[PDB]
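Participant: Structure file work_4.pdb, PDB, C-alpha atoms, is pasted below:
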```
ATOM      1  CA  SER A 282      87.456  81.000 338.070  1.00  0.00           C
ATOM      2  CA  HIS A 283      83.716  81.176 338.736  1.00  0.00           C
ATOM      3  CA  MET A 284      81.042  81.657 336.134  1.00  0.00           C
ATOM      4  CA  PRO A 285      77.231  81.655 336.433  1.00  0.00           C
ATOM      5  CA  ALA A 286      75.373  78.983 334.442  1.00  0.00           C
ATOM      6  CA  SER A 287      74.711  79.822 330.757  1.00  0.00           C
ATOM      7  CA  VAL A 288      72.839  77.953 328.021  1.00  0.00           C
ATOM      8  CA  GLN A 289      72.157  78.358 324.356  1.00  0.00           C
ATOM      9  CA  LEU A 290      69.831  76.475 322.051  1.00  0.00           C
ATOM     10  CA  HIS A 291      69.621  76.298 318.298  1.00  0.00           C
ATOM     11  CA  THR A 292      66.445  75.557 316.333  1.00  0.00           C
ATOM     12  CA  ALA A 293      65.722  71.840 315.859  1.00  0.00           C
ATOM     13  CA  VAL A 294      67.490  70.068 312.999  1.00  0.00           C
ATOM     14  CA  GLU A 295      66.450  66.821 311.335  1.00  0.00           C
ATOM     15  CA  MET A 296      69.425  64.675 310.851  1.00  0.00           C
ATOM     16  CA  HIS A 297      69.883  62.020 308.239  1.00  0.00           C
ATOM     17  CA  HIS A 298      69.839  58.703 310.056  1.00  0.00           C
ATOM     18  CA  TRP A 299      69.133  55.766 307.806  1.00  0.00           C
ATOM     19  CA  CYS A 300      68.179  52.140 308.343  1.00  0.00           C
ATOM     20  CA  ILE A 301      68.669  49.224 305.934  1.00  0.00           C
ATOM     21  CA  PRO A 302      66.111  46.848 307.529  1.00  0.00           C
ATOM     22  CA  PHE A 303      66.968  43.149 307.804  1.00  0.00           C
ATOM     23  CA  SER A 304      65.556  39.878 309.147  1.00  0.00           C
ATOM     24  CA  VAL A 305      67.709  36.770 309.764  1.00  0.00           C
ATOM     25  CA  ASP A 306      66.557  33.265 310.719  1.00  0.00           C
ATOM     26  CA  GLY A 307      67.864  29.743 311.053  1.00  0.00           C
ATOM     27  CA  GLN A 308      68.587  27.189 313.756  1.00  0.00           C
ATOM     28  CA  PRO A 309      71.115  27.489 315.225  1.00  0.00           C
ATOM     29  CA  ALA A 310      71.158  31.264 314.855  1.00  0.00           C
ATOM     30  CA  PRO A 311      73.349  32.211 311.871  1.00  0.00           C
ATOM     31  CA  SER A 312      76.540  34.214 312.136  1.00  0.00           C
ATOM     32  CA  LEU A 313      76.449  37.368 309.994  1.00  0.00           C
ATOM     33  CA  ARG A 314      78.687  39.499 307.845  1.00  0.00           C
ATOM     34  CA  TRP A 315      77.911  42.684 305.925  1.00  0.00           C
ATOM     35  CA  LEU A 316      79.557  43.508 302.618  1.00  0.00           C
ATOM     36  CA  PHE A 317      79.522  46.944 300.973  1.00  0.00           C
ATOM     37  CA  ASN A 318      80.167  46.726 297.193  1.00  0.00           C
ATOM     38  CA  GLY A 319      81.529  43.218 297.692  1.00  0.00           C
ATOM     39  CA  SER A 320      84.065  43.973 300.421  1.00  0.00           C
ATOM     40  CA  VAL A 321      83.755  43.411 304.135  1.00  0.00           C
ATOM     41  CA  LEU A 322      82.130  46.379 305.802  1.00  0.00           C
ATOM     42  CA  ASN A 323      83.934  47.412 308.960  1.00  0.00           C
ATOM     43  CA  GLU A 324      81.381  48.794 311.351  1.00  0.00           C
ATOM     44  CA  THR A 325      82.070  52.213 312.877  1.00  0.00           C
ATOM     45  CA  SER A 326      80.167  54.758 314.987  1.00  0.00           C
ATOM     46  CA  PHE A 327      78.437  56.094 311.868  1.00  0.00           C
ATOM     47  CA  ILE A 328      77.726  52.661 310.347  1.00  0.00           C
ATOM     48  CA  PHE A 329      76.611  49.866 312.684  1.00  0.00           C
ATOM     49  CA  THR A 330      74.214  46.964 313.224  1.00  0.00           C
ATOM     50  CA  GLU A 331      71.264  47.356 315.552  1.00  0.00           C
ATOM     51  CA  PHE A 332      68.851  44.575 316.478  1.00  0.00           C
ATOM     52  CA  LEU A 333      65.244  45.151 317.431  1.00  0.00           C
ATOM     53  CA  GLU A 334      64.487  43.330 320.721  1.00  0.00           C
ATOM     54  CA  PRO A 335      63.655  39.592 320.258  1.00  0.00           C
ATOM     55  CA  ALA A 336      60.054  38.605 319.524  1.00  0.00           C
ATOM     56  CA  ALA A 337      57.883  36.167 321.516  1.00  0.00           C
ATOM     57  CA  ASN A 338      59.102  32.627 320.709  1.00  0.00           C
ATOM     58  CA  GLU A 339      60.092  33.711 317.171  1.00  0.00           C
ATOM     59  CA  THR A 340      63.515  32.349 316.219  1.00  0.00           C
ATOM     60  CA  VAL A 341      63.983  35.092 313.629  1.00  0.00           C
ATOM     61  CA  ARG A 342      65.885  38.309 314.437  1.00  0.00           C
ATOM     62  CA  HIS A 343      65.009  41.737 312.975  1.00  0.00           C
ATOM     63  CA  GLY A 344      67.167  44.856 312.784  1.00  0.00           C
ATOM     64  CA  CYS A 345      68.843  47.721 310.965  1.00  0.00           C
ATOM     65  CA  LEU A 346      72.173  48.381 309.444  1.00  0.00           C
ATOM     66  CA  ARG A 347      72.311  51.989 310.721  1.00  0.00           C
ATOM     67  CA  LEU A 348      74.023  54.755 308.733  1.00  0.00           C
ATOM     68  CA  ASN A 349      74.282  58.235 310.276  1.00  0.00           C
ATOM     69  CA  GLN A 350      74.954  61.097 307.844  1.00  0.00           C
ATOM     70  CA  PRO A 351      75.695  58.944 304.787  1.00  0.00           C
ATOM     71  CA  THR A 352      76.768  60.732 301.585  1.00  0.00           C
ATOM     72  CA  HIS A 353      77.480  59.632 297.997  1.00  0.00           C
ATOM     73  CA  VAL A 354      80.536  57.738 299.318  1.00  0.00           C
ATOM     74  CA  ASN A 355      78.155  55.264 300.923  1.00  0.00           C
ATOM     75  CA  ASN A 356      76.385  54.557 297.596  1.00  0.00           C
ATOM     76  CA  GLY A 357      76.341  50.969 296.425  1.00  0.00           C
ATOM     77  CA  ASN A 358      75.392  47.395 297.197  1.00  0.00           C
ATOM     78  CA  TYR A 359      74.918  46.321 300.803  1.00  0.00           C
ATOM     79  CA  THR A 360      74.897  42.563 301.301  1.00  0.00           C
ATOM     80  CA  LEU A 361      74.081  40.683 304.453  1.00  0.00           C
ATOM     81  CA  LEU A 362      75.619  37.201 304.538  1.00  0.00           C
ATOM     82  CA  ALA A 363      74.273  34.625 307.027  1.00  0.00           C
ATOM     83  CA  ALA A 364      75.698  31.175 307.735  1.00  0.00           C
ATOM     84  CA  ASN A 365      74.941  28.293 310.050  1.00  0.00           C
ATOM     85  CA  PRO A 366      75.623  24.526 310.159  1.00  0.00           C
ATOM     86  CA  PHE A 367      72.819  23.809 307.655  1.00  0.00           C
ATOM     87  CA  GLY A 368      73.385  26.401 304.925  1.00  0.00           C
ATOM     88  CA  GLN A 369      74.308  29.909 303.860  1.00  0.00           C
ATOM     89  CA  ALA A 370      72.292  32.753 302.421  1.00  0.00           C
ATOM     90  CA  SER A 371      72.612  36.335 301.333  1.00  0.00           C
ATOM     91  CA  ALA A 372      70.463  39.278 300.404  1.00  0.00           C
ATOM     92  CA  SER A 373      71.552  42.470 298.707  1.00  0.00           C
ATOM     93  CA  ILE A 374      69.984  45.818 297.961  1.00  0.00           C
ATOM     94  CA  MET A 375      71.242  48.917 296.228  1.00  0.00           C
ATOM     95  CA  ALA A 376      71.343  52.169 298.249  1.00  0.00           C
ATOM     96  CA  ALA A 377      72.101  55.757 297.225  1.00  0.00           C
ATOM     97  CA  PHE A 378      72.318  58.777 299.550  1.00  0.00           C
ATOM     98  CA  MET A 379      71.875  61.863 297.438  1.00  0.00           C
ATOM     99  CA  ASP A 380      70.659  64.289 300.127  1.00  0.00           C
ATOM    100  CA  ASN A 381      72.516  67.603 300.522  1.00  0.00           C
ATOM    101  CA  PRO A 382      75.961  66.362 301.559  1.00  0.00           C
ATOM    102  CA  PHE A 383      76.815  69.850 302.867  1.00  0.00           C
ATOM    103  CA  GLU A 384      73.878  70.426 305.215  1.00  0.00           C
ATOM    104  CA  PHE A 385      74.807  71.334 308.811  1.00  0.00           C
ATOM    105  CA  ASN A 386      75.337  68.283 311.079  1.00  0.00           C
ATOM    106  CA  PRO A 387      74.929  68.586 314.907  1.00  0.00           C
ATOM    107  CA  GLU A 388      76.562  65.252 315.703  1.00  0.00           C
TER
ATOM    108  CA  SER B 282      64.328  21.627 314.754  1.00  0.00           C
ATOM    109  CA  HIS B 283      67.053  22.560 312.271  1.00  0.00           C
ATOM    110  CA  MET B 284      66.815  25.260 309.662  1.00  0.00           C
ATOM    111  CA  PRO B 285      69.413  26.586 307.192  1.00  0.00           C
ATOM    112  CA  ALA B 286      70.344  30.272 307.523  1.00  0.00           C
ATOM    113  CA  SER B 287      67.977  32.742 305.786  1.00  0.00           C
ATOM    114  CA  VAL B 288      68.097  36.524 305.386  1.00  0.00           C
ATOM    115  CA  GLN B 289      65.932  39.230 303.953  1.00  0.00           C
ATOM    116  CA  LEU B 290      66.629  42.893 303.345  1.00  0.00           C
ATOM    117  CA  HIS B 291      64.344  45.796 302.630  1.00  0.00           C
ATOM    118  CA  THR B 292      65.340  48.919 300.692  1.00  0.00           C
ATOM    119  CA  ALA B 293      66.985  51.628 302.818  1.00  0.00           C
ATOM    120  CA  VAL B 294      64.692  53.973 304.738  1.00  0.00           C
ATOM    121  CA  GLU B 295      65.558  57.411 306.090  1.00  0.00           C
ATOM    122  CA  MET B 296      64.233  57.755 309.528  1.00  0.00           C
ATOM    123  CA  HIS B 297      63.287  60.943 311.266  1.00  0.00           C
ATOM    124  CA  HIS B 298      65.862  61.493 313.980  1.00  0.00           C
ATOM    125  CA  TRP B 299      66.003  65.047 315.219  1.00  0.00           C
ATOM    126  CA  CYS B 300      68.427  67.067 317.315  1.00  0.00           C
ATOM    127  CA  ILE B 301      67.702  70.241 319.301  1.00  0.00           C
ATOM    128  CA  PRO B 302      71.332  71.446 319.625  1.00  0.00           C
ATOM    129  CA  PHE B 303      72.472  72.964 322.925  1.00  0.00           C
ATOM    130  CA  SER B 304      75.576  74.387 324.610  1.00  0.00           C
ATOM    131  CA  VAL B 305      75.888  74.801 328.406  1.00  0.00           C
ATOM    132  CA  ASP B 306      78.666  76.531 330.360  1.00  0.00           C
ATOM    133  CA  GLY B 307      79.490  77.724 333.841  1.00  0.00           C
ATOM    134  CA  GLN B 308      81.861  76.897 336.678  1.00  0.00           C
ATOM    135  CA  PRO B 309      81.122  74.642 338.412  1.00  0.00           C
ATOM    136  CA  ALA B 310      79.322  72.787 335.636  1.00  0.00           C
ATOM    137  CA  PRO B 311      75.580  73.534 335.845  1.00  0.00           C
ATOM    138  CA  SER B 312      72.936  70.933 336.559  1.00  0.00           C
ATOM    139  CA  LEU B 313      70.297  70.763 333.813  1.00  0.00           C
ATOM    140  CA  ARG B 314      66.600  70.225 333.350  1.00  0.00           C
ATOM    141  CA  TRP B 315      64.526  70.155 330.168  1.00  0.00           C
ATOM    142  CA  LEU B 316      60.963  71.425 330.043  1.00  0.00           C
ATOM    143  CA  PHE B 317      58.503  70.714 327.223  1.00  0.00           C
ATOM    144  CA  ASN B 318      55.678  73.314 327.101  1.00  0.00           C
ATOM    145  CA  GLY B 319      56.571  74.357 330.639  1.00  0.00           C
ATOM    146  CA  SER B 320      56.479  70.933 332.285  1.00  0.00           C
ATOM    147  CA  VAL B 321      59.366  68.680 333.182  1.00  0.00           C
ATOM    148  CA  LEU B 322      60.293  66.475 330.266  1.00  0.00           C
ATOM    149  CA  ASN B 323      60.833  62.880 331.305  1.00  0.00           C
ATOM    150  CA  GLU B 324      63.467  61.410 329.058  1.00  0.00           C
ATOM    151  CA  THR B 325      62.661  58.118 327.324  1.00  0.00           C
ATOM    152  CA  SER B 326      64.229  55.940 324.613  1.00  0.00           C
ATOM    153  CA  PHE B 327      62.708  58.155 321.913  1.00  0.00           C
ATOM    154  CA  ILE B 328      63.537  61.461 323.644  1.00  0.00           C
ATOM    155  CA  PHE B 329      66.920  61.777 325.367  1.00  0.00           C
ATOM    156  CA  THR B 330      69.962  63.974 325.981  1.00  0.00           C
ATOM    157  CA  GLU B 331      73.204  63.263 324.177  1.00  0.00           C
ATOM    158  CA  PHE B 332      76.463  65.120 324.765  1.00  0.00           C
ATOM    159  CA  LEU B 333      79.132  65.569 322.134  1.00  0.00           C
ATOM    160  CA  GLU B 334      82.528  64.507 323.568  1.00  0.00           C
ATOM    161  CA  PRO B 335      84.258  67.264 325.636  1.00  0.00           C
ATOM    162  CA  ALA B 336      86.437  69.804 323.826  1.00  0.00           C
ATOM    163  CA  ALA B 337      90.112  70.599 324.526  1.00  0.00           C
ATOM    164  CA  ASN B 338      90.242  72.665 327.748  1.00  0.00           C
ATOM    165  CA  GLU B 339      86.834  74.224 326.957  1.00  0.00           C
ATOM    166  CA  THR B 340      84.598  74.288 330.037  1.00  0.00           C
ATOM    167  CA  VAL B 341      81.476  74.445 327.874  1.00  0.00           C
ATOM    168  CA  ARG B 342      79.512  71.295 326.956  1.00  0.00           C
ATOM    169  CA  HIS B 343      77.706  70.797 323.618  1.00  0.00           C
ATOM    170  CA  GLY B 344      74.959  68.323 322.753  1.00  0.00           C
ATOM    171  CA  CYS B 345      71.538  67.364 321.448  1.00  0.00           C
ATOM    172  CA  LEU B 346      68.166  66.750 322.894  1.00  0.00           C
ATOM    173  CA  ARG B 347      67.465  63.756 320.609  1.00  0.00           C
ATOM    174  CA  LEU B 348      63.949  62.960 319.368  1.00  0.00           C
ATOM    175  CA  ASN B 349      63.401  59.797 317.308  1.00  0.00           C
ATOM    176  CA  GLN B 350      60.207  59.690 315.224  1.00  0.00           C
ATOM    177  CA  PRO B 351      58.584  62.806 316.704  1.00  0.00           C
ATOM    178  CA  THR B 352      55.062  63.695 315.520  1.00  0.00           C
ATOM    179  CA  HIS B 353      52.679  66.620 316.117  1.00  0.00           C
ATOM    180  CA  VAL B 354      52.398  65.483 319.764  1.00  0.00           C
ATOM    181  CA  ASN B 355      55.963  66.663 320.278  1.00  0.00           C
ATOM    182  CA  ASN B 356      55.156  70.185 318.993  1.00  0.00           C
ATOM    183  CA  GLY B 357      55.859  73.052 321.345  1.00  0.00           C
ATOM    184  CA  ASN B 358      58.415  74.871 323.450  1.00  0.00           C
ATOM    185  CA  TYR B 359      61.540  73.049 324.588  1.00  0.00           C
ATOM    186  CA  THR B 360      63.405  74.792 327.390  1.00  0.00           C
ATOM    187  CA  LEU B 361      66.771  73.887 328.802  1.00  0.00           C
ATOM    188  CA  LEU B 362      67.268  75.145 332.361  1.00  0.00           C
ATOM    189  CA  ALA B 363      70.809  75.324 333.801  1.00  0.00           C
ATOM    190  CA  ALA B 364      71.778  76.158 337.379  1.00  0.00           C
ATOM    191  CA  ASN B 365      74.957  76.395 339.398  1.00  0.00           C
ATOM    192  CA  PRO B 366      76.125  78.141 342.600  1.00  0.00           C
ATOM    193  CA  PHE B 367      76.519  81.490 340.791  1.00  0.00           C
ATOM    194  CA  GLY B 368      73.302  81.793 338.777  1.00  0.00           C
ATOM    195  CA  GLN B 369      70.595  80.235 336.649  1.00  0.00           C
ATOM    196  CA  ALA B 370      69.759  80.507 332.981  1.00  0.00           C
ATOM    197  CA  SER B 371      67.386  79.168 330.394  1.00  0.00           C
ATOM    198  CA  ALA B 372      66.931  79.070 326.662  1.00  0.00           C
ATOM    199  CA  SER B 373      63.828  78.078 324.754  1.00  0.00           C
ATOM    200  CA  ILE B 374      62.965  77.385 321.149  1.00  0.00           C
ATOM    201  CA  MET B 375      59.770  76.404 319.413  1.00  0.00           C
ATOM    202  CA  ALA B 376      59.730  73.085 317.502  1.00  0.00           C
ATOM    203  CA  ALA B 377      57.121  71.518 315.213  1.00  0.00           C
ATOM    204  CA  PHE B 378      57.304  68.061 313.604  1.00  0.00           C
ATOM    205  CA  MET B 379      54.933  68.050 310.679  1.00  0.00           C
ATOM    206  CA  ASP B 380      56.499  65.241 308.618  1.00  0.00           C
ATOM    207  CA  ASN B 381      54.252  62.354 307.522  1.00  0.00           C
ATOM    208  CA  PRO B 382      53.273  60.900 310.900  1.00  0.00           C
ATOM    209  CA  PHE B 383      52.191  57.661 309.184  1.00  0.00           C
ATOM    210  CA  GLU B 384      55.363  56.827 307.259  1.00  0.00           C
ATOM    211  CA  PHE B 385      56.797  53.339 307.890  1.00  0.00           C
ATOM    212  CA  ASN B 386      59.202  53.183 310.877  1.00  0.00           C
ATOM    213  CA  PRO B 387      61.876  50.405 311.104  1.00  0.00           C
ATOM    214  CA  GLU B 388      62.725  51.027 314.751  1.00  0.00           C
TER
END
```
Re-express the file's structure as structure tokens.
Facilitator:
Amino acid sequence: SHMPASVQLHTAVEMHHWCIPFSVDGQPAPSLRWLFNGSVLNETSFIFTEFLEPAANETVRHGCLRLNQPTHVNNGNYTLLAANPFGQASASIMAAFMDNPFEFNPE
Amino acid sequence: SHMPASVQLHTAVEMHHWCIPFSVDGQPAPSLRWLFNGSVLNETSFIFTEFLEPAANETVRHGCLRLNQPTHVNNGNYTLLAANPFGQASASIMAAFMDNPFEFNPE
């Protein structure tokens, strides 16, 4: 079976990739845990943590909880918990994804 | 220097991640080359090729040219060239990114 090369393109599509931005600091560096509506959030290939490369001397870390193609099922409270030998902390925000849940998705 | 854990979150932001979907077939599998407005496109961390995992028995490959945070500077023709021992092919589409080029970007 031989077949000459073929290719097809489709017009460009804007996906719906979201970022919940976060910053975490403390010394030593805190361990982290995300909660979604109060329960532990198990990271997947559509929902994961991504750090932005370390800053010059800064001890603080910056990043995103990344959500690819979130729908109403991802609505709710997202909480980042941080803990180290000297204390614990948490921050929470509410997030809703009401974009067209039926739009065509390439990935 | 000791410091208790701290954390800060910002409300969720939808980024502007785009996909130019493509499919490529041929036997043997074709080599590929992208052109942007006629010139070779050098892939970077903001502009890169991403394949969707191989299908069952299918010889054809599917994927995206991914563009993160594209602006008017990325406007133009995108051409995927494919070539193998039995032939060559190409497909081109026009793409324009006119979203707010000044919106806040987490990444």
Participant: Near chain B, meaning an atom within 8 Å, which residues of chain A appear when counting only C-alpha atoms? Write them as a PyMOL selection string.
Facilitator: chain A and resi 282-311+333+344-345+361-376+387-388
Participant: What is the distance between CA of residue 322 in chain A and CA of residue 354 in chain A, in Å to one decimal?
Facilitator: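 CA of residue 322 in chain A sits 13.2 Å away from CA of residue 354 in chain A.
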Participant: Restricting the calculation to all atoms listed in the file, which member of A:383, A:356, A:351, A:315 is positioned closest to residue 330 in chain A?
Facilitator: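 Answer, going by the shortest atom-to-atom distance: A:315.
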Participant: Find the distance between CA of residue 335 in chain B and CA of residue 385 in chain A and write it in Å to one decimal.
Facilitator: 19.7 Å
Participant: Enter the distance from CA of residue 382 in chain B to CA of residue 339 in chain A, in Å, rounded to one decimal.
Facilitator: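 Computing the Euclidean distance for CA of residue 382 in chain B and CA of residue 339 in chain A yields 28.7 Å.
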Participant: Counting all atoms listed in the file, which residues have an atom no more than 6 Å from (58.0, 72.0, 325.8) in the file's coordinates? Please list them as a ChimeraX atom specification.
Facilitator: /B:316-319,357-359
Participant: Would you mind putting N, CA, C and O atoms back on range 315-336 of chain A and writing the result as a short mmCIF file (atom, residue, chain, number, x, y, z; two decimals), keeping the file's coordinate frame?
Facilitator:
```
data_model
loop_
_atom_site.label_atom_id
_atom_site.label_comp_id
_atom_site.auth_asym_id
_atom_site.auth_seq_id
_atom_site.Cartn_x
_atom_site.Cartn_y
_atom_site.Cartn_z
N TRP A 315 78.39 41.70 306.90
CA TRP A 315 77.91 42.68 305.92
C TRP A 315 79.00 42.95 304.91
O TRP A 315 80.18 43.01 305.27
N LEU A 316 78.60 43.13 303.65
CA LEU A 316 79.56 43.51 302.62
C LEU A 316 78.99 44.80 302.03
O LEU A 316 77.77 44.96 301.97
N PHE A 317 79.88 45.69 301.64
CA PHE A 317 79.52 46.94 300.97
C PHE A 317 80.29 46.85 299.65
O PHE A 317 81.52 46.77 299.68
N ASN A 318 79.57 46.89 298.52
CA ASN A 318 80.17 46.73 297.19
C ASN A 318 81.11 45.51 297.13
O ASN A 318 82.19 45.57 296.54
N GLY A 319 80.70 44.42 297.75
CA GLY A 319 81.53 43.22 297.69
C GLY A 319 82.63 43.06 298.72
O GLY A 319 83.17 41.96 298.88
N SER A 320 83.01 44.11 299.43
CA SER A 320 84.06 43.97 300.42
C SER A 320 83.49 44.03 301.82
O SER A 320 82.42 44.60 302.06
N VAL A 321 84.20 43.41 302.76
CA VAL A 321 83.76 43.41 304.14
C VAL A 321 83.57 44.84 304.61
O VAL A 321 84.42 45.71 304.38
N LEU A 322 82.45 45.07 305.28
CA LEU A 322 82.13 46.38 305.80
C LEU A 322 82.56 46.39 307.25
O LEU A 322 82.09 45.59 308.04
N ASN A 323 83.47 47.31 307.59
CA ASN A 323 83.93 47.41 308.96
C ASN A 323 83.00 48.39 309.64
O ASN A 323 82.88 49.54 309.23
N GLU A 324 82.31 47.93 310.66
CA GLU A 324 81.38 48.79 311.35
C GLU A 324 82.12 49.86 312.14
O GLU A 324 83.19 49.61 312.68
N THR A 325 81.53 51.05 312.18
CA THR A 325 82.07 52.21 312.88
C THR A 325 80.97 52.83 313.74
O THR A 325 79.94 52.20 314.01
N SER A 326 81.17 54.08 314.16
CA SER A 326 80.17 54.76 314.99
C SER A 326 79.10 55.43 314.11
O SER A 326 78.05 55.87 314.60
N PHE A 327 79.38 55.49 312.81
CA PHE A 327 78.44 56.09 311.87
C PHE A 327 77.71 55.01 311.09
O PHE A 327 76.67 55.28 310.49
N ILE A 328 78.29 53.81 311.07
CA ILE A 328 77.73 52.66 310.35
C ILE A 328 77.76 51.44 311.24
O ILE A 328 78.83 50.85 311.44
N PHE A 329 76.61 51.02 311.77
CA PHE A 329 76.61 49.87 312.68
C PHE A 329 75.31 49.06 312.66
O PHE A 329 74.28 49.52 312.16
N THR A 330 75.36 47.86 313.21
CA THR A 330 74.21 46.96 313.22
C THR A 330 73.45 47.17 314.51
O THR A 330 74.03 47.35 315.57
N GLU A 331 72.13 47.14 314.41
CA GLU A 331 71.26 47.36 315.55
C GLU A 331 70.11 46.38 315.45
O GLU A 331 69.39 46.37 314.45
N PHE A 332 69.94 45.54 316.46
CA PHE A 332 68.85 44.58 316.48
C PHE A 332 67.64 45.10 317.21
O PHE A 332 67.76 45.82 318.18
N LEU A 333 66.45 44.76 316.74
CA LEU A 333 65.24 45.15 317.43
C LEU A 333 64.99 44.00 318.40
O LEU A 333 65.05 42.83 318.01
N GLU A 334 64.73 44.32 319.67
CA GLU A 334 64.49 43.33 320.72
C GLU A 334 63.72 42.10 320.25
O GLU A 334 62.68 42.20 319.58
N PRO A 335 64.22 40.90 320.60
CA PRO A 335 63.66 39.59 320.26
C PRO A 335 62.14 39.49 320.43
O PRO A 335 61.57 40.02 321.39
N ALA A 336 61.50 38.80 319.49
CA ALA A 336 60.05 38.60 319.52
C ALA A 336 59.69 37.39 320.38
O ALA A 336 60.56 36.58 320.75
#
```
